[PDB]
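Starting off, we have a lone chain in the form deposited in one PDB entry, written out as structure tokens.
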């Protein structure tokens, strides 16, 4: 049997307007369709964050409204990829990325794939003093809204998780 499981086409700019109040703290983002293989999200702002995501699959970005940027590790060095309003970008698997979204009213279309069982996501923090990895957690990712907060929260709550194994500096946690 063949039906439109994810419903009919609809106007995207009006959808974003109607969901603006989720596109800001404390929720910040909203998945468009549920139970699909393509995970299609709109991400708003402001939001800053200190974690780097290690995604085993690609991520597509289209910065529809306002500006944002990705903090990256590429070739072993910190780098910044700007997502200016109107930019698209395709992130290869496993490139560590920390999205920074300073602007209220911004909106970024992000498209990712459901990860199959056994294909784990990583979330990493790095030492601001020496660049060493401080902590990494791997998760079988099923839902961004519900599987990521307890993970981030347990990092911020633990001086041990935040302690750099190389230089001893305790990572600040949330605001950095």
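Numbering follows the first chain given and starts at 1. Take the two forms, superpose them, and find the largest set of C-alpha atoms that agree within 1.5 Å; that set is the rigid core.
K.L.:
Going by the mean C-alpha B-factor recorded in the entry, which is higher: 54-62 or 111-119?
P.N.:
Taking the mean C-alpha B-factor of 54-62 and of 111-119, the larger value falls to 111-119.
K.L.:
Can you tell me whether 121-129 has a higher mean C-alpha B factor than 143-151 in this record, or the other way round?
P.N.:
Of 143-151 and 121-129, the stretch with the higher C-alpha B-factor average is 143-151.
K.L.:
Among 43, 27, 32, 70, where is the Cα temperature factor highest, going by the PDB entry?
P.N.:
Across 43, 27, 32, 70, the entry lists the biggest C-alpha B-factor for 27.
K.L.:
Could you place residue 104 in the lowest, middle or highest third of its chain by Cα temperature factor, using the values in the record?
P.N.:
For residue 104, whose C-alpha B-factor we compare with every modelled residue in the chain, the answer is the middle third.
K.L.:
Is residue 82 in the lowest, middle or highest third of its chain when residues are ranked by C-alpha B-factor?
P.N.:
CA B-factor rank for residue 82: middle third.
K.L.:
Comparing against every modelled residue in the chain, figure out the third that the C-alpha B-factor of residue 9 lands in (lowest, middle or highest).
P.N.:
Its C-alpha B-factor, which the entry lists for residue 9, ranks in the lowest third among residues of this chain.
K.L.:
For the chain shown, is the CA B-factor of residue 90 in the lowest, middle or highest third of its modelled residues?
P.N.:
CA B-factor rank for residue 90: lowest third.
Only in words, not in the display: the form deposited in another entry, which the text now covers.
K.L.:
So which one of 119, 111, 27, 133 actually moves, Cα shift of 2 Å or more between the shown form and the other one once the core is superposed?
P.N.:
Comparing the C-alpha positions, the one residue that moves 2 Å or more is 27.
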